[PDB]
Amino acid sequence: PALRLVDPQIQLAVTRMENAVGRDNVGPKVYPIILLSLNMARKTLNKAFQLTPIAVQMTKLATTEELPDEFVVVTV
């Protein structure tokens, strides 16, 4: 009931073990995201985790022409 394209700066890397010796060989690939908060994290002190938020800009879609040939849907 709600659709929008996540800015290409953020894409999902996907892998499937089940189709290694099975297929042929799907690899690890990055795919755009179609649709909360997110934070990128790092180690600082002895156990401490710094994090900074990354702003996810999205573009609302209207035409199916905007939809690429390979992407990933994520529902909320």
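From 1 onward, residues are counted along the sequence shown.
Coordinates are lacking for 1 to 3 deposited residues between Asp24 and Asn25. Of the two segments, 55-63 and 8-16, the one listed with the higher mean B-factor is 55-63 (C-alpha atoms only).
Of the candidates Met40, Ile34, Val30, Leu45, the one whose C-alpha carries the top B factor in the deposited record is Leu45. When the modelled residues of the chain are ordered by their C-alpha B factor, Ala2 lands in the highest third.
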